[PDB]
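Let me begin by presenting the structure, written as structure tokens, before commenting on it.
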4 protein chains.
Amino acid sequence: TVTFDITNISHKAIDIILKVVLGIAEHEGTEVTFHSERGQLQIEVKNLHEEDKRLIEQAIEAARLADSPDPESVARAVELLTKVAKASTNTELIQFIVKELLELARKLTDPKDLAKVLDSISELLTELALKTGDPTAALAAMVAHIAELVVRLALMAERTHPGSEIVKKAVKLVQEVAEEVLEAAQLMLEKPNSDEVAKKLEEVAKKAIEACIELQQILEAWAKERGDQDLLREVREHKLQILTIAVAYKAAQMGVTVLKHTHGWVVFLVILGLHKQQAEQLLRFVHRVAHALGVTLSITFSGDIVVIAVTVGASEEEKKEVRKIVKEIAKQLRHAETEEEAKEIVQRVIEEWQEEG
Amino acid sequence: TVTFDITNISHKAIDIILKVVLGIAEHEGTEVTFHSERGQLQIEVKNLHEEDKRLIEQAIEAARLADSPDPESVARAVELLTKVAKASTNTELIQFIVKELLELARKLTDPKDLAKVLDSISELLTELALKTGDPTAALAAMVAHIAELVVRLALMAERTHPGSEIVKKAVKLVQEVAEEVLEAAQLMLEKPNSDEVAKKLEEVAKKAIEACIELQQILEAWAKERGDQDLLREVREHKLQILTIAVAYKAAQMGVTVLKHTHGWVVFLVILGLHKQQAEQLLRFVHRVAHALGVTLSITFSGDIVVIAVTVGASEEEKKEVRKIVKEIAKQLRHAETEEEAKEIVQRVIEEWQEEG
Amino acid sequence: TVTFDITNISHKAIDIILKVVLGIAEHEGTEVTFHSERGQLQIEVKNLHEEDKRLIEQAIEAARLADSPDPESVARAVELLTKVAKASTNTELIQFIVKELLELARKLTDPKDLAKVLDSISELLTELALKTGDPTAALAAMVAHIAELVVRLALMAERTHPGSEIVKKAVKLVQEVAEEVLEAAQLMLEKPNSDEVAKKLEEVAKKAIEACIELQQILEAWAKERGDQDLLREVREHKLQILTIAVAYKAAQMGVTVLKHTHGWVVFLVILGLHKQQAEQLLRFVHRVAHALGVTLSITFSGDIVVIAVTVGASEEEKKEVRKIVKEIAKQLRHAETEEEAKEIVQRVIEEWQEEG
Amino acid sequence: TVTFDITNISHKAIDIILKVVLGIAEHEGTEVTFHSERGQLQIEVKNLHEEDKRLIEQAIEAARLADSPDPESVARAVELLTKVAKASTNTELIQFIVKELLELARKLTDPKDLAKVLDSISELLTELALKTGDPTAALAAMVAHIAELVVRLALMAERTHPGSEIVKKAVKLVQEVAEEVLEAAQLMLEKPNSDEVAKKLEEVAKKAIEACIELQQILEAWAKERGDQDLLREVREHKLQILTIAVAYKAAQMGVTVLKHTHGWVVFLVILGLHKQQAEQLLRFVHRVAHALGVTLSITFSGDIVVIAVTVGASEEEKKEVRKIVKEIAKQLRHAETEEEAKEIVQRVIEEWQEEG
């Protein structure tokens with residue numbers, strides 16, 4: 001017989017523990033006893049397996065921290081609730097954790113800690129994708145990578161800024177996007193497999209990309225005021241990654257396959273199996289986002305194939321090589337049927353050229 | 001032949017009398033006849049006997065009372081209309097009686113009349129259970145019993161207090177409960193065998209439990225001022241009863257079987273046939289209500305079987321024997337298949353216990 | 001051929017003329033040929049009836065009157081439009097006439113023309129009965145007849161009263177009832193056999209009966225102050241008539257057969273086939289109206305058959321004659337199984353009463 | 001290969017170009033290449049035809065002009081986008097062109113540039129009729145012809161007395177009518193082959209007819225204040241054409257055949273096969289419109305044939321000939337079955353009559 005002890009604990013925290021304990025006991029098909037003394041709580045269980053024991057202890061630790069006002073205790077609680085969700089077989093428990101997490105996010109005000117919680121939200125969405133098996137949650141995993149890029153930009157802001165009303169605007173936008181994301185995470189569990197989830201997720205993705213563009217402008221302005229060409233290089237490399245995942249998101253909303261590569265001052269994407277309407281909507285989204293980012297493009301289209309090359313500033317003598325590569329990719333892709341060929345073709349084009357990169 | 005009169009009466013009182021006369025006359029089916037006058041009535045039906053005549057007399061007495069301001073006349077009227085309902089072959093006469101009660105309740109409030117009103121409402125809900133066969137009326141009977149026990153607390157308030165703003169607040173709360181119950185009674189007649197009755201009755205049970213907790217605190221606070229250990233004993237026994245009925249009510253909303261026992265300082269419940277979601281709701285309801293009441297719980301779970309027991313104020317030495325007994329009750333219950341065996345098993349634990357007590 | 005001139009009346013009036021003139025083609029798929037310019041019109045037809053020419057003449061005269069302020073010209077026009085409607089094979093022309101009647105009524109203010117208008121509205125509702133073939137229109141015909149008897153009372157008021165704010169209230173009430181009746185006449189053509197027609201007609205009847213009661217009380221109060229016992233006898237007989245018709249209306253809305261007789265200071269009704277619910281509502285309606293009128297009822301129920309009789313001002317001796325007659329009519333009608341036999345039985349009792357009246 | 005250049009333009013103008021280039025690549029599916037930065041764009045396409053190259057060039061010229069505030073550049077842009085739409089394989093390109101037309105019209109405040117836009121709207125409605133085959137678009141082509149007569153009226157206002165507060169009122173009316181036409185075009189674009197488009201078009205036609213009547217008042221009042229018999233002739237001869245189109249428009253809501261002819265001071269129409277239930281709507285609409293225009297109509301009908309003759313006025317000795325002609329045409333039309341007969345019948349009557357024409 002295993003036994004657990006819980007003290008100074010709220011009704012809210014007891015609700016989590018009862019959901020967990022009864023959920024685990026129903027999974028095990030086993031007997032449970034609960035005792036209370038003057039509002040303290042004790043729990044006893046038969047034939048329990050060790051990770052389920054550890055999960056009850058971890059839920060207990062999480063709930064004991066969740067009653068706190070302390071933001072470090074919030075970050076650790078969110079990490080533990082994330083571990084509980086990452087183990088979870090139970091949908092109502094995931095729903096209740098998502099609802100607790102929305103409140104735990106709303107507790108935070110400061111970017112240094114909000115980074116920890118956004119990383120945890122990425123893990124939450126990662127598990128939610130594995131739980132649902134749904135391309136609508138693969139979009140949420142791409143939005144999580146956009147948020148992870150927002151966290152990397154936030155860490156750059158911590159590395160550089162003294163604090164200002166621009167940082168207050170930034171953390172408000174980030175916190176608001178975090179709330180918009182967790183509202184979509186709730187909606188995905190309240191209406192699984194529905195078009196309204198994709199509509200909300202597109203409004204989320206739009207809002208996130210616009211926030212990213214503003215964060216890039218903030219960091220670029222700070223880099224231009226200080227003359228920091230090295231920070232501007234790091235940010236430039238992140239611009240390419242942001243557009244990469246943004247393109248991945250739009251392609252995934254259409255449900256088409258994507259392959260991608262990086263080499264210093266140039267980044268490449270190949271997209272396969274497109275059609276007229278999707279291709280136009282994508283190319284519109286690409287050109288609008290790229291124009292807002294201020295990044296130099298080369299693109300080519302052949303109905304189902306789309307090739308996108310995204311570039312940092314370079315000489316025209318360097319841009320000639322990108323112009324060559326784009327036409328060379330469009331030559332070499334022309335007879336393939338499967339992504340394992342396409343990967344080898346792109347690698348072959350690289351192996352036929354890379355000395356000039 | 002039967003003949004009756006009025007000195008003066010309202011048109012609504014005439015409508016009740018006419019509905020009663022038409023009903024009692026038509027019941028003979030194959031031959032019926034009667035006549036009226038501005039202030040008189042006569043019936044010519046062959047087959048009618050004493051109780052048919054007495055029902056018209058009782059309706060006429062109720063009608064003569066119904067126009068009055070007098071609350072004693074109200075209490076007598078609701079009793080008479082309850083006697084009419086208890087005989088009634090038809091629910092639309094009961095709809096008229098409920099519409100009258102929805103007016104009659106509002107006129108005034110005092111604990112002694114309020115008690116007889118809520119008790120008569122319990123009787124009307126009892127007849128409504130027999131007319132409908134719908135367990136929402138049995139649920140409402142448990143709620144009305146809870147309310148009636150609350151008016152026994154109000155009679156103890158008359159036993160102990162000269163009256164105050166807090167007592168007038170309590171009177172408003174119980175008057176709201178009486179209104180909310182009567183609204184539920186009218187709704188149940190409009191929408192039998194539906195979920196909206198269960199939702200309204202849950203909002204009644206919520207308000208009722210909160211009013212119970214409030215009144216129990218009002219009396220407990222006076223008992224803690226005046227040192228009244230005997231009033232604490234009565235209030236503790238009533239607390240335990242209210243919780244016992246409330247747990248039975250919540251289990252009856254799930255439609256499961258309940259068995260009950262009582263020994264003063266310790267009180268026992270067994271519940272049979274619970275689903276996963278039913279248990280996960282029930283045990284949280286039990287916890288929140290018990291922790292609001294301040295009572296000392298024991299709970300254990302075995303899938304579809306749940307055992308609950310409750311105590312107050314037992315020594316840390318006496319608590320051991322209760323917790324032993326609770327674990328033993330579960331150990332005894334494991335092999336059972338029918339309700340008579342469970343009754344005999346719990347009785348056997350009691351019949352083995354009472355030699356040592 | 002036929003040829004005519006409009007002498008520069010409004011184009012609104014031409015709308016009616018064109019509707020009528022083209023309407024001539026409906027009779028046989030009729031070979032109408034036509035010419036017009038600048039308010040002069042000419043027609044030729046194969047086998048033209050004199051009635052076609054009279055309908056053209058009637059439409060012309062009605063159109064010529066329709067621009068006028070004058071109430072007598074409106075009363076003449078309403079009669080002509082009624083005379084058109086009473087020939088009409090076309091229902092849209094009747095809808096157009098109803099749309100004009102709404103405005104024609106609201107223009108008018110004065111008793112004699114208002115009487116001819118409401119009388120004509122009864123004729124228009126009579127034609128609506130002949131067009132619909134439905135007893136729903138007979139309900140309106142009884143209500144319109146009641147209103148017409150109300151304007152006969154208003155003519156007795158004009159014959160006697162000095163004019164007052166009470167008369168201005170009376171005119172306003174009759175105007176409202178007229179517009180409510182005409183709204184029901186429009187609704188009968190827009191939504192035939194809808195439940196909304198039965199709802200609107202019942203509201204019209206309810207409102208009209210309350211206006212009847214009010215006007216009957218207004219005239220009775222003035223006739224009491226003037227001292228005219230003979231005018232009070234007429235008014236009381238007109239009360240009894242309107243009550244009699246109102247009972248017939250309510251029973252006809254229930255869909256059941258009614259038979260009627262009038263015999264000076266006492267009036268009689270028989271109704272065949274009332275359900276319990278119908279008998280209950282009819283008894284409520286009868287009682288409420290009777291107390292609002294101040295009349296002495298007598299009623300008996302014998303299965304689905306109901307007998308009603310009414311009086312005022314009977315001596316303590318003549319009250320015995322009513323009780324005798326009512327008991328006897330019931331006693332003989334208890335063996336009655338057909339309409340002509342029941343008519344003969346009621347006649348036989350009343351013919352035998354010539355030695356007692 | 002086609003290769004083309006784009007100096008600085010709006011992202012809307014880029015969106016149009018991409019919609020066009022991809023919307024052309026629709027046909028052959030051949031490869032496309034793009035290069036860009038935040039102020040410049042360049043495009044290249046392979047295995048593409050001369051007419052496709054012209055469409056690309058025309059879209060390029062349209063995009064280059066579309067950002068401009070200049071009214072002449074707006075007129076040319078709508079003309080070019082129309083010239084693209086007039087060949088289009090792609091429905092969404094028409095949708096986008098019309099959507100930007102809404103704003104391109106709202107930008108204009110010049111009567112002659114708005115006239116080129118209204119002319120282009122007639123062409124776009126012509127293409128929309130050729131795309132849909134919908135009689136609701138043929139109705140709109142008649143509304144566009146009314147708008148051409150509005151344009152001709154506006155050009156006569158410029159020819160005579162521009163710039164007054166009365167002309168500013170006219171400009172507001174024409175701009176409102178243009179907006180109402182364009183919003184009706186958007187509704188037809190969103191929901192082809194549905195009754196709500198015809199109900200919207202009726203509001204447009206109503207406003208257009210009222211605007212035409214007002215423009216006729218404006219010109220005729222000035223013409224009377226100059227004594228200008230030739231301007232009175234030109235305007236009155238356009239009144240005939242306005243009524244001619246208005247008749248055809250209303251008849252096209254039934255979808256019936258219409259034939260029309262002109263000879264100096266008189267204009268004639270014939271309408272074939274009207275069912276009575278429709279004829280009663282049409283004849284009334286015609287007579288209402290004619291009375292508002294103030295023109296001396298002669299209207300005739302016989303069975304299902306309607307003959308309309310419009311006159312500006314002459315002596316009774318001239319009016320006799322129109323009366324004779326209308327009667328004779330009605331006699332002559334009796335036996336025909338097809339429009340090639342009817343044209344020749346009317347032409348034969350006119351060619352026999354023109355000795356007094």
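Note on naming: chains are A, B, ... as they come in the structure tokens, residues start from 1 per chain, ligands start from 1 in the order shown.
Residue-level contact on chain A: within 8 Å of chain B, counting only C-alpha atoms, the set is residues 11, 15, 18, 19, 22, 26, 29, 30, 31, 32, 33, 34, 35, 36, 37, 38 and 39 of chain A.
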Go ahead and write the selection's residues with N, CA and C atoms as a compact mmCIF listing (two decimals), in the first residue's frame.
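The resulting file, out12.txt, is shown below:
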```txt
# COMPACT_ATOMS: atom_id res chain seq x y z
N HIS A 11 -8.96 24.10 -2.05
CA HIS A 11 -10.02 23.32 -2.72
C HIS A 11 -9.72 23.12 -4.21
N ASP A 15 -9.02 19.65 -6.12
CA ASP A 15 -9.73 19.26 -7.35
C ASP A 15 -8.79 18.60 -8.36
N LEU A 18 -7.74 15.12 -6.81
CA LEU A 18 -8.81 14.14 -6.93
C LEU A 18 -8.95 13.68 -8.38
N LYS A 19 -8.94 14.59 -9.36
CA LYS A 19 -8.94 14.20 -10.78
C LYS A 19 -7.79 13.25 -11.08
N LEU A 22 -8.07 9.71 -8.80
CA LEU A 22 -9.15 8.87 -9.30
C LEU A 22 -8.88 8.43 -10.74
N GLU A 26 -8.62 4.54 -11.67
CA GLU A 26 -9.46 4.00 -12.73
C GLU A 26 -8.63 3.33 -13.85
N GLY A 29 -7.46 0.15 -12.25
CA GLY A 29 -8.60 -0.66 -11.81
C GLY A 29 -8.52 -1.08 -10.33
N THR A 30 -8.15 -0.15 -9.44
CA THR A 30 -7.74 -0.45 -8.05
C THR A 30 -8.47 0.38 -6.98
N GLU A 31 -8.42 -0.08 -5.74
CA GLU A 31 -9.07 0.55 -4.58
C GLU A 31 -8.30 1.78 -4.05
N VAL A 32 -9.03 2.77 -3.52
CA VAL A 32 -8.47 4.01 -2.95
C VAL A 32 -9.14 4.36 -1.62
N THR A 33 -8.37 4.90 -0.68
CA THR A 33 -8.89 5.49 0.55
C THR A 33 -8.45 6.94 0.65
N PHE A 34 -9.34 7.81 1.10
CA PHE A 34 -9.05 9.21 1.39
C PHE A 34 -9.42 9.50 2.84
N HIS A 35 -8.53 10.17 3.56
CA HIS A 35 -8.74 10.62 4.93
C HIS A 35 -8.50 12.13 5.02
N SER A 36 -9.23 12.80 5.90
CA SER A 36 -8.99 14.21 6.21
C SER A 36 -8.98 14.44 7.72
N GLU A 37 -8.06 15.27 8.19
CA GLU A 37 -7.99 15.77 9.57
C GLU A 37 -8.00 17.30 9.55
N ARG A 38 -9.04 17.95 10.09
CA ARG A 38 -9.14 19.42 10.23
C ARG A 38 -8.83 20.19 8.92
N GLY A 39 -9.13 19.59 7.77
CA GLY A 39 -8.88 20.15 6.42
C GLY A 39 -7.56 19.74 5.75
```
Hey, what does DSSP flag as strand (DSSP E) within stretch 32-81 of chain B? Can you give it to me as a PyMOL selection string? chain B and resi 34-36+40-43
Which residues come within 10 Å of residue C:109, counting only C-alpha atoms, excluding same-chain residues fewer than 4 positions away, as a PDB file with N, CA, C and O atoms, in the first residue's frame?
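Result file out_9.pdb:
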```
ATOM      1  N   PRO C  71     -66.735  62.175 -45.000  1.00  0.00           N
ATOM      2  CA  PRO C  71     -67.245  60.927 -44.443  1.00  0.00           C
ATOM      3  C   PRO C  71     -68.406  60.287 -45.214  1.00  0.00           C
ATOM      4  O   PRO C  71     -68.422  59.067 -45.360  1.00  0.00           O
ATOM      5  N   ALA C 105     -61.042  54.006 -42.730  1.00  0.00           N
ATOM      6  CA  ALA C 105     -61.537  53.987 -41.366  1.00  0.00           C
ATOM      7  C   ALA C 105     -60.832  55.053 -40.521  1.00  0.00           C
ATOM      8  O   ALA C 105     -61.492  55.860 -39.868  1.00  0.00           O
ATOM      9  N   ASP C 113     -71.723  57.384 -39.837  1.00  0.00           N
ATOM     10  CA  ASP C 113     -70.826  56.836 -40.848  1.00  0.00           C
ATOM     11  C   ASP C 113     -70.004  55.682 -40.261  1.00  0.00           C
ATOM     12  O   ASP C 113     -69.889  54.640 -40.892  1.00  0.00           O
ATOM     13  N   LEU C 114     -69.524  55.797 -39.020  1.00  0.00           N
ATOM     14  CA  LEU C 114     -68.824  54.713 -38.337  1.00  0.00           C
ATOM     15  C   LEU C 114     -69.692  53.450 -38.248  1.00  0.00           C
ATOM     16  O   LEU C 114     -69.210  52.353 -38.516  1.00  0.00           O
ATOM     17  N   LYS C 168     -65.872  60.823 -26.394  1.00  0.00           N
ATOM     18  CA  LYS C 168     -64.579  60.826 -27.100  1.00  0.00           C
ATOM     19  C   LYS C 168     -63.785  59.541 -26.815  1.00  0.00           C
ATOM     20  O   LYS C 168     -63.304  58.911 -27.755  1.00  0.00           O
ATOM     21  N   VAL C 171     -65.556  56.775 -28.865  1.00  0.00           N
ATOM     22  CA  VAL C 171     -65.151  56.849 -30.273  1.00  0.00           C
ATOM     23  C   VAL C 171     -63.764  56.253 -30.453  1.00  0.00           C
ATOM     24  O   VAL C 171     -63.576  55.405 -31.317  1.00  0.00           O
ATOM     25  N   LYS C 172     -62.822  56.613 -29.578  1.00  0.00           N
ATOM     26  CA  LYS C 172     -61.452  56.098 -29.597  1.00  0.00           C
ATOM     27  C   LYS C 172     -61.409  54.577 -29.422  1.00  0.00           C
ATOM     28  O   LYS C 172     -60.714  53.890 -30.164  1.00  0.00           O
ATOM     29  N   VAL C 174     -63.966  52.443 -30.125  1.00  0.00           N
ATOM     30  CA  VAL C 174     -64.564  51.847 -31.321  1.00  0.00           C
ATOM     31  C   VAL C 174     -63.591  51.928 -32.491  1.00  0.00           C
ATOM     32  O   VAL C 174     -63.394  50.934 -33.180  1.00  0.00           O
ATOM     33  N   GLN C 175     -62.914  53.059 -32.678  1.00  0.00           N
ATOM     34  CA  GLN C 175     -61.868  53.210 -33.685  1.00  0.00           C
ATOM     35  C   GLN C 175     -60.776  52.148 -33.517  1.00  0.00           C
ATOM     36  O   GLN C 175     -60.436  51.468 -34.482  1.00  0.00           O
TER      37      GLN C 175
END
```
Let me make sure I understand: if you superpose chain D onto chain C using all C-alpha atoms paired in order, what RMSD in Å results?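 The root-mean-square deviation of C-alpha positions is 1.4 Å.
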From a DSSP calculation on the backbone, collect every residue of stretch 9-172 of chain B in helix (DSSP H, G or I) and output the set as a VMD selection string. chain B and resid 11 to 26 50 to 66 71 to 87 91 to 104 111 to 132 135 to 160 165 to 172
Quick check, in Å to one decimal: how far apart do atom CA of residue B:100 and atom CA of residue B:115 lie?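 Answer for the atom CA of residue B:100 to atom CA of residue B:115 separation: 17.7 Å.
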Who sits within 9 Å of residue A:57, only C-alpha atoms, same chain under 5 positions skipped, as a ChimeraX atom specification: /A:4,52,62
As an mmCIF file with C-alpha atoms, in the first residue's frame, please: the residues near stretch 246-254 of chain B (cut-off 9 Å, only C-alpha atoms, same-chain neighbours under 3 positions excluded).
```cif
data_model
loop_
_atom_site.group_PDB
_atom_site.id
_atom_site.type_symbol
_atom_site.label_atom_id
_atom_site.label_comp_id
_atom_site.auth_asym_id
_atom_site.auth_seq_id
_atom_site.Cartn_x
_atom_site.Cartn_y
_atom_site.Cartn_z
ATOM 1 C CA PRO B 135 -37.087 10.868 -9.931
ATOM 2 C CA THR B 136 -36.574 14.692 -10.182
ATOM 3 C CA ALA B 138 -37.793 12.400 -5.385
ATOM 4 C CA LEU B 139 -34.706 14.645 -5.643
ATOM 5 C CA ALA B 140 -36.939 17.632 -4.916
ATOM 6 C CA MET B 142 -34.863 15.310 -0.527
ATOM 7 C CA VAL B 143 -34.368 19.087 -1.135
ATOM 8 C CA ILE B 146 -33.424 19.597 3.705
ATOM 9 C CA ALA B 198 -32.190 18.857 -13.171
ATOM 10 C CA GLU B 202 -29.139 21.818 -8.869
ATOM 11 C CA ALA B 205 -29.696 22.519 -4.045
ATOM 12 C CA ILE B 209 -26.928 24.047 1.013
ATOM 13 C CA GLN B 241 -28.387 14.667 8.431
ATOM 14 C CA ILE B 242 -28.291 17.570 5.914
ATOM 15 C CA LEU B 243 -24.993 16.338 4.460
ATOM 16 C CA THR B 257 -28.423 3.201 -5.370
ATOM 17 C CA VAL B 258 -27.812 4.559 -1.807
ATOM 18 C CA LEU B 259 -27.933 2.853 1.647
ATOM 19 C CA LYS B 260 -27.769 4.824 4.940
ATOM 20 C CA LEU B 269 -23.365 5.858 3.715
ATOM 21 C CA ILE B 271 -23.371 4.019 -2.742
ATOM 22 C CA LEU B 274 -21.135 4.633 -9.940
ATOM 23 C CA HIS B 275 -19.549 5.495 -13.318
ATOM 24 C CA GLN B 278 -20.107 10.211 -11.497
ATOM 25 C CA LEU B 282 -19.481 13.091 -6.407
ATOM 26 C CA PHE B 285 -19.067 17.651 -4.219
ATOM 27 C CA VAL B 286 -18.654 15.629 -0.991
ATOM 28 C CA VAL B 289 -19.656 20.558 0.977
#
```
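In terms of minimum interatomic distance to residue C:185, C:94 ranks closest within C:94, C:43, C:267, C:157, counting only C-alpha atoms.
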Mind giving me the straight-line distance from atom CA of residue B:21 to atom CA of residue B:41 in Å, one decimal? 9.0 Å
Near residue B:329, within 9 Å and counting only C-alpha atoms, which residues show up once chain neighbours fewer than 6 positions away are dropped, as number ranges by chain? B: 307, 345-346, 349
